[PDB]
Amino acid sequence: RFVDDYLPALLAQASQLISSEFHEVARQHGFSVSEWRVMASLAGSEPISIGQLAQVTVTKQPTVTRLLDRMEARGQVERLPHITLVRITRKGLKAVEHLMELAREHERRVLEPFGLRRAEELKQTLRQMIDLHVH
């Protein structure tokens, strides 16, 4: 069966299933998926471009700009001139800190059956693939 071992389908299914688990927690804590992805991607980071944010949040850039309009209105992020850069504010960081701890706990549960060796191998392969395929 073609799809059983086809890499793009395997990545798409694993990503959907694991993300959907944590997105439920995010909503129970008052976050939309896109709001969570933006705040998680900006936490602890220097200001990054809107295009970089769109890539790491796997969201199209026009959608991201519209998201940032409302999140900046709420004081959770700030856009700045360098190309537009964007950063999380202290308000946004404090809003998402607890959720980030829950996200780390969920990740630890997802990876514990695989062991540290296989978990680190997976993360390294994924990071290498991203860095090879990003534009």
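Note that residue numbering begins at 1 and tracks the sequence as displayed.
- Message: Going by the PDB record, how many residues of the deposited sequence fall between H82 and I83 without any coordinates: none, 1 to 3, 4 to 9, or 10 or more?
- Response: The entry has 4 to 9 unmodelled residues between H82 and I83.
- Message: Mean CA temperature factor from the deposited coordinates, higher in 33-41 or in 84-92?
- Response: Averaged over C-alpha atoms, the B-factors run higher in 84-92.
- Item | Between 19-27 and 111-119 (mean CA B-factor, as deposited), the higher | If you average the C-alpha B-factors of 19-27 and of 111-119, the larger mean comes out for 111-119.
- Item | Among modelled residues of the same chain, the CA temperature factor third for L99 | Tercile = middle for this residue's CA B-factor.
- Once the chain's modelled residues are ordered by C-alpha B factor and cut into thirds, is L53 in the lowest, middle or highest one? Lowest third of the chain for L53's C-alpha B-factor.
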